[PDB]
């Protein structure tokens, strides 16, 4: 342990942006990540497990693998008992909500679908009226786009390849309902994907990999921002180090208690690490838990009442349509979405939907969708001193507005095509809409609420939040581009106004 000028907690999008710009500014920075650096070939020779061969690497400290949501009827047959291990995907279970997050150097960038989408400007202006939207769209969205290595599918290759038949089927069905589709930019390299389909490079997206990591193709943050941060010479990353408490001492700045564990979860050491500037990039769940705990255990007692508040799941809802026999979606489905349905107009009926692949590897006739909706309901994280956890108080009825909007859109598609929903994909009770999961947790430490308009935590100096906990519950699109661009904005201002090299 010891002192380092800047500490960044976590290594997801907010953290990675912050560490790069700190290091470029000459500020010696230590990143603390609770998960692994994913660079050691495993027993199959690969870093990551695929969706048809899950093992302990798939899961953060669970004793059994799980099928990706939507796929249980086909993928339960590959599930196995596993040792609890520091694997890459954590399903965090709350009372009535399961939030999925990445664990490792790169955070959710390791496990996500790569979809890189800028929000609608008029919606950005609605959710964050205190922010100057011209500087976001003129400067920080472009900077994020370039640094993340966003790229665009070859639309002619898209049209021709078997691997996107599933997307084409939903496009034609939507089209009968008078709905067009949009191509979705991605950080998975689409040139690599063409080499995969040609047999020239190892398959990853085209071998049912994404949610437990991609062994190839996906430009996760370890390849982009974090590689650049290490390249500054001013940034180091310590792994299997979980920050537990944050306090003030006579040294000035902040002092952390940090548990070092092995990959089996055994406690090896508790370290004291301290800093002048402290940046929280532990995600919506992790940053909020740290600050709720610090407030309610009295280590940072002047934190305000908005710490913990304002959480939402980005309106996330999953649903599925049963195609007729003559409209198969194909046995070969790229694991990386390329198409969406943009029915988002900022009204309460708004939906932005991903046309999601089914990883079964054989024909199912299912079209799967992940809808993003506009639902004003919010939850709060409440400290439980008995277990030393933040607990999210969300109830399943709070997703009714999200379900309603999703269903109105997909009812229009079903009606135009003579199809019905599947009701059997999400457990044994009949349920067409999965309404108790989240891939896109947003809020808990909302920008301008718990913090100033640049993520400076209210009540404290040189204490910053950088990540999805800043966003007010919803962005109307897949969120990592927004998180990245906001982080670019915030750290540039913080370095200029607050920091010394």
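Numbering follows the first chain given and starts at 1. Each form is matched to the other, and the largest set of C-alpha atoms that superpose within 1.5 Å is called the rigid core.
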Item checked: Stretch with greater C-alpha deviation in 6 other deposited structures of this protein, 72-80 versus 173-181 (rigid core superposition) -> 173-181
Next item on the list: Once the rigid core is lined up, would you tell me whether 123-131 or 248-256 has the higher RMS CA deviation in 6 other deposited structures of this protein?
Entry: 248-256
Next item on the list: Using the B-factors recorded in the PDB entry, average over the C-alpha atoms of 209-217 and of 403-411, then report which stretch comes out higher.
Entry: 403-411
Notebook entry, point to check: For the stretches 238-246 and 148-156, which has the higher mean C-alpha B-factor as given in the deposited record?
Noted result: 148-156
Item checked: Given 454, 38, 439, 433, the residue at which the Cα B factor reaches its maximum -> 433
Margin query: Using only the C-alpha B-factors in the record, can you name which of 222, 189, 126, 90 has the highest?
Written below: 126
Next item on the list: Place residue 424 in the lowest, middle or highest third of its chain's C-alpha B-factors, as listed in the PDB entry.
Entry: highest
Note to self: Per the entry's values, where does residue 178 land by CA temperature factor relative to the rest of its chain, in the lowest, middle or highest third?
What the structure shows: highest
Checklist line | Entry-reported Cα temperature factor of residue 7, expressed as the chain third it lands in | finding: lowest
Item checked: Ranked against its chain, the third holding the CA B-factor of residue 42 -> highest
Check: Taking the C-alpha B-factors as the PDB entry records them, is residue 303 in the lowest, middle or highest third of its chain?
Finding: middle
